[PDB]
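First, the structure itself, so that you have it in front of you.
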Amino acid sequence: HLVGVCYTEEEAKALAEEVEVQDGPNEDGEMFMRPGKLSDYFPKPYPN
Amino acid sequence: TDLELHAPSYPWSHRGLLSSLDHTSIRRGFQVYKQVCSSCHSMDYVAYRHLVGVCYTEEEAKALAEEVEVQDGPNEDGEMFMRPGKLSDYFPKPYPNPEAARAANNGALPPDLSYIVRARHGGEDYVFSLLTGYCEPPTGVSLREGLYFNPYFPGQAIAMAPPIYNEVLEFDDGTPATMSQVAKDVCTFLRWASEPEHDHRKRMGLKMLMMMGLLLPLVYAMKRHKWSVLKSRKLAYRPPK
Amino acid sequence: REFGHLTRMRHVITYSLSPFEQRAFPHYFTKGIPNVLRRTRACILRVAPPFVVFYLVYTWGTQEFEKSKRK
Amino acid sequence: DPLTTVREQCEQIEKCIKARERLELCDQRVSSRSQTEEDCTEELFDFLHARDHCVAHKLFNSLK
Amino acid sequence: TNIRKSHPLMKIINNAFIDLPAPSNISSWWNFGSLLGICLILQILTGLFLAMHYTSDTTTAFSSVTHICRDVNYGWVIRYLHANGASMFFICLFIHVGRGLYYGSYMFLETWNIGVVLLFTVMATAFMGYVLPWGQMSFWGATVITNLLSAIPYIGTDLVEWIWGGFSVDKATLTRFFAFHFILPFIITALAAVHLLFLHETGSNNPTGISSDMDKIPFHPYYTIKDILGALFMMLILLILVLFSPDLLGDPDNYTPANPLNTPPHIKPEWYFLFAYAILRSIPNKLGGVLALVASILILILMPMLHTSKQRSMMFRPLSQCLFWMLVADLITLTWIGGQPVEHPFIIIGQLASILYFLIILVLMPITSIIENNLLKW
Ligand code: HEC
Ligand code: HEM
Ligand code: HEM
Ligand SMILES: Cc1cc(C)c2nc(SCc3c(C)cccc3-n3nnn(C)c3=O)sc2c1
Ligand SMILES: Cc1cc(C)c2nc(SCc3c(C)cccc3-n3nnn(C)c3=O)sc2c1
């Protein structure tokens, strides 16, 4: 939502990179982790 | 080149217009599902509460699903709790992690079984002729490393090993457990799984036929009463001579 | 188009009886059977021979699909 | 055990020995030349159709 | 005074249903017009129940239909009423059209031309609804139509990437299929009111073809009781199907979810679209296939000007009656061929019966009526 408002698309992927997130389940693994995909909402600040 | 073979018709005890399902043969058929398959097959749409009043007492049913503990979501001071199953849980999925469940099966995903007799041209007559129709190849047909010959399958090459042979299970009421007694009970169960309203629709169909039998011959009597004025009239033509 | 404005008619008389003066079933299976045997004899030779042609094409059609396979 | 009883008793019928006749009449004839594409998966079906039609009429008495 | 004749609302009801002059010799082939109006109201109320629990998304479309048959109370009876009520609609509609063709009712020109429009709009409605459950015939039925709908020469490929939401099949794909399917039955209702407004100008035809102003009877009570009785006999037959055989007319292959990767062994539409499908597969072209499919419904509008007989109905014409049931036995042939696979016997039979459907209507019927005129000396 910030592309064309205050940032370009690069400067926006590279800011979603700055925090890695907790993705879902897959075979030969677990619910794994990964950096931001630019389709992610802003990361929440309290477990529950 | 090779071709079709169609299943014959068996006299099941629910093939009548008003015939119900045997609720004891459903009970013996859930145990063949929960101990012979469910290591290869899912039942994604059926829960444990769907079996209260069909084959198990609510308690006898809550005593099952204690037997399996299942993952639940994240909670505070936790991340992946585990807990015994409740009544609102669906039946557990066999091959954990999906699709790519083809490796345990030579690249043959084993299908979901919640709609399997409803989604086949032949119903439970097809799922009886295939489980008891496993045989040897004829003179010179081809076979891969992990596939078998079965005449009641479209290309005769099934990628499922014969899963019932004899004495594969022990029923808890003393019924002998031969090859034909089993697969008669996972055809009765798995017909209830496709069509769980089977017995309710056949008893509403009787309370509709008896009541139409009152209402219909008596609107027909009202019709014949009005139309008798026209059906009995006479006409004369008397022009001047 | 209402009732007293439809056509012009002269010299015809109508006699009718009340519905409560009549029997419900004067003749039901003693004229009902020979009258439908007259109405069936009038229609049969116009309606039946096209459907005897669909039968002979269905029977020949589902007999050259079986013998195409296995010699 | 009840199935193997029924399946053997109905394997001696005027349609199922008449099918077994052509089956081993052709079973013997495939294996000779070893460069042949001929199967007899056909021939098996004519026998299994004739036999399983008679099994279905008699098997469900002996069960449950 | 008489309040049936002076009240502003009760006047309209009295002129349309109570004091209407009607012929006295009307058969039970004239029952199927009000049966069609019962079948339309039934599909609307039942469909408005299913639309509160359906989800139009290609990941949860098949799963929201299994949920109503298992979880929601009385959802299984209402779902199979809707699927079997649509077969009931199409069997009454084919009786209705065949009646007006045998007895010459197409001479009511404004009533016949509104009817040909109504026939297109119910066929397009029933196509959109069979996409919505999204099993393996909703999938391979949707793609067969829309790669045949890319053979329109100048605007064709513009229209195929509009109905999927822009795309291939996704979550926003079946929102347009669903919104068309919601709206069209309410336009069918408005076209059926105009349909009856033009028939009120002449009244009805009758089985003899001859005008009957000298023999009218009031509509109430003679055809109010005869139409109630036929509607009860139709609700009996529909419930025999819902409660004793709810899967008899469908196909088992639509209980498998849609998979572009898996494979269905055959492609078979519903029974009431099987005659049009057999005409398509007889044309080795994709522009001449969609033309001959649309020309098989649009040939009905040429029936008023192809009429060369001195008489109106077929009751007194014995040679025209042999040709009428040659045409019915040819639509039975095209229904059987449409559900068979494409091999040698069913490929020549299918195209020799697509020729006979156009040869009877356009050539053999207008010549046979002139031979009959000449044997009666006009
Ligand atoms: C350990 C493996 C395994 C077990 C146990 C197993 N199956 Fe299968 N089954 C398969 C595989 C693999 C397939 C897919 C077959 C294929 O594609 O060739 C299959 C397919 C099927 C099909 C579908 C055939 C078709 O036409 O699609 C039915 C029905 C079936 N199994 C019934 C059962 C029943 C009933 C049981 C037990 C009571 C059972 N299976 C147990 C491996 C198994
Ligand atoms: C949803 C669709 C339809 C509805 C609700 C409907 C309704 C009716 C009704 C109630 C009547 C009067 C009673 C009767 O004769 O049965 C009628 C008559 C008629 N309809 Fe329809 N109809 C529909 C579709 C069609 C179609 C598809 C056609 C033709 C292509 C058509 C042509 C006619 C004709 C010609 C008449 C007058 C027949 C006569 O009096 O002999 N209608 N319709
Ligand atoms: C002339 C009227 C109609 C016809 C002929 C018709 C026909 C159909 C058909 C054939 C299906 C496929 C069902 C199946 O085979 O499983 C369907 C589905 C459906 N229809 Fe209709 N329909 C009509 C009116 C409506 C209306 C007015 C609505 C909504 C307001 C509606 C809502 C739905 C819904 C939600 C489905 C969901 C899928 C399902 O339930 O199977 N229908 N319709
Ligand atoms: C039970 C019931 C109730 C109602 C309210 C009803 N209404 C009709 S529509 C009547 C009509 C109109 C309005 C205009 C022109 C012709 C006809 N008409 N003439 N003969 N026939 C068979 C006709 O339908 S059927 C029917 C059945
Ligand atoms: C005017 C008109 C419009 C349309 C759009 C139309 N379409 C058909 S055939 C569609 C079909 C196929 C090819 C294959 C599988 C299933 C279905 N199918 N789709 N819906 N229903 C009820 C089906 O049977 S004729 C026809 C006539």
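So basically every Cβ, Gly included, is an ideal-geometry build from the backbone, and we count neighbours across all protein chains shown. Read-outs throughout are calculated quantities, based only on the coordinates presented, and are distinct from any laboratory measurement.
Any residue in the range D:8-17 that is more than 30 Å from B:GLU167 (Cα to Cα) and either in contact with a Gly (Cβ under 7 Å, 6 or more places away or on another chain) or free of Cβ contacts under 8 Å to residues at least 12 places away in the same chain (or both)?
Looking for residues that are more than 30 Å from B:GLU167 (Cα to Cα) and either in contact with a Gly (Cβ under 7 Å, 6 or more places away or on another chain) or free of Cβ contacts under 8 Å to residues at least 12 places away in the same chain (or both), one finds at least one in the range D:8-17, hence yes.
Is the range B:138-155 home to any residue that is basic (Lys, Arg) and either touching a helix residue (DSSP H, G or I) at 6+ places or on another chain (Cβ under 6 Å) or at the interface with another protein chain (Cβ under 8 Å from one of its Cβ atoms) (or both)?
For the range B:138-155, residues basic (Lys, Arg) and either touching a helix residue (DSSP H, G or I) at 6+ places or on another chain (Cβ under 6 Å) or at the interface with another protein chain (Cβ under 8 Å from one of its Cβ atoms) (or both): absent.
Let me ask you something else. Sort out which residues of the range E:35-44 are of a type outside the set (A, V, I, L, M, F, W, C) and either surrounded by 18 or more Cβ atoms within 10 Å (Cβ to Cβ) or more than 8 Å from ligand 2 (Cβ to nearest atom) (or both), and write them in order of number.
Listed by number, the list holds a single entry, E:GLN43.
Please verify whether B:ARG224 is in contact with a strand residue (DSSP E or B) (Cβ under 9 Å, 6 or more places away or on another chain) and within 14 Å of chain E (Cβ to nearest Cβ), treating the condition exactly as stated.
Here the answer is no, as B:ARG224 does not meet what is asked.
Out of the residues in the range E:187-224 that are under 23 Å from E:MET315 (Cα atoms) and in a helix (DSSP H, G or I), state the one that is farthest from the chain's Cα centre (by Cα).
Within the range E:187-224, the match that is farthest from the chain's Cα centre (by Cα) is E:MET214.
Let me ask another. Considering only the range B:93-110, state which residues are within 14 Å of chain A (Cβ to nearest Cβ), part of a loop (DSSP other than H, G, I, E, B) and not hydrophobic (A, V, I, L, M, F, W, C).
Residues satisfying the conditions are B:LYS93, B:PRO94, B:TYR95, B:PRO96, B:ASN97, B:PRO98, B:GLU99.
If E:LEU93 meets every condition in (1) near ligand 2 (Cβ under 8 Å from one of its atoms); (2) under 30 Å from B:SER88 (Cα atoms) apart from one, which number is that one?
(2)
For the range A:14-33, give me each residue that is loosely packed, with under 11 Cβ neighbours inside 10 Å and either within 8 Å of the chain's Cα centre (by Cα) or within 17 Å of B:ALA100 (Cα to Cα) (or both).
A:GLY24, A:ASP28, A:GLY29, A:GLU30
Please give the number of the condition E:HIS200 fails out of (1) buried (at least 17 other Cβ atoms within 10 Å of the Cβ); (2) within 12 Å of ligand 2 (Cβ to nearest atom).
(1)
May I pose another question? Could you check how many residues of the range C:1-43 are within 14 Å of chain E (Cβ to nearest Cβ), surrounded by 10 or more Cβ atoms within 10 Å (Cβ to Cβ), β-branched (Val, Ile, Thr) and outside any loop (DSSP other than H, G, I, E, B)?
1
Of the residues D:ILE17, D:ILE13, only one is exposed (fewer than 15 other Cβ atoms within 10 Å of the Cβ) and touching an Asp or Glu at 6+ places or on another chain (Cβ under 9 Å); which?
Residue meeting the stated conditions: D:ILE17.
This table checks each residue for (1) assigned to a loop (DSSP other than H, G, I, E, B); (2) over 30 Å from E:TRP164 (Cα atoms); (3) within 16 Å of ligand 4 (Cβ to nearest atom).
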{"residue": "E:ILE91", "(1), (2), (3)": "no, yes, no"}
{"residue": "E:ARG99", "(1), (2), (3)": "no, yes, yes"}
{"residue": "E:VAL116", "(1), (2), (3)": "no, no, no"}
{"residue": "E:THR121", "(1), (2), (3)": "no, no, no"}
{"residue": "E:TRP140", "(1), (2), (3)": "no, no, no"}
{"residue": "E:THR146", "(1), (2), (3)": "no, no, no"}
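Residue check, B:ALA119 against (1) away from ligand 3 (no atom under 16 Å from the Cβ); (2) crowded, with 19+ Cβ neighbours inside 10 Å, all met but one. Which one?
(1)
Take E:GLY37 and decide whether it is on the phi < 0 side of the Ramachandran plot, within 26 Å of the chain's Cα centre (by Cα) and away from ligand 5 (no atom under 16 Å from the Cβ).
For E:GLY37, the condition - on the phi < 0 side of the Ramachandran plot, within 26 Å of the chain's Cα centre (by Cα) and away from ligand 5 (no atom under 16 Å from the Cβ) - is met.
Under 8 Å by Cβ, and 6 or more places apart or on different chains, what pairs join a residue from the range E:47-72 that is among the basic types (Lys, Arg) with one that is not in a helix (DSSP H, G or I)?
E:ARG70/B:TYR45; E:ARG70/B:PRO196
Within the range E:336-350, how many residues are of a type outside the set (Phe, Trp, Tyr) and surrounded by 17 or more Cβ atoms within 10 Å (Cβ to Cβ)?
6
Quickly run through the range E:148-179 and pick out the residues that are under 17 Å from E:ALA124 (Cα atoms) and in contact (Cβ under 8 Å) with a residue 60 or more places away in the chain. If you could, list the steps in order and put the result at the bottom.
Step one: filter the range E:148-179 for residues under 17 Å from E:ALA124 (Cα atoms), giving E:148-149, E:159-160, E:162-164, E:174-179.
Those that are under 17 Å from E:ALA124 (Cα atoms) and in contact (Cβ under 8 Å) with a residue 60 or more places away in the chain: E:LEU148, E:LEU149, E:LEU174, E:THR175, E:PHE177, E:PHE178.
Starting from residues that are of a type outside the set (S, T, N, Q) and in a loop (DSSP other than H, G, I, E, B), keep the ones in the range E:1-41 and report whichever is nearest to E:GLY115 (Cα to Cα).
Going through the qualifying residues, I end up with E:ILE26.
Pull out all pairs, ordered by first then second residue, where Cβ-Cβ is under 9 Å, the residues are six or more apart or on different chains, the first lies in the range E:89-116 and is away from chain C (no Cβ under 14 Å) and at positive phi, and the second is among the hydroxyl-bearing types (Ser, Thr, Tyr) and away from ligand 3 (no atom under 16 Å from the Cβ).
E:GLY104/E:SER309; E:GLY104/E:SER313
Shifting gears a bit: Taking B:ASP125, is it outside any loop (DSSP other than H, G, I, E, B), surrounded by 14 or more Cβ atoms within 10 Å (Cβ to Cβ) and not hydroxyl-bearing (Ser, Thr, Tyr)?
Against the criterion (outside any loop (DSSP other than H, G, I, E, B), surrounded by 14 or more Cβ atoms within 10 Å (Cβ to Cβ) and not hydroxyl-bearing (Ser, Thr, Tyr)), B:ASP125 qualifies.
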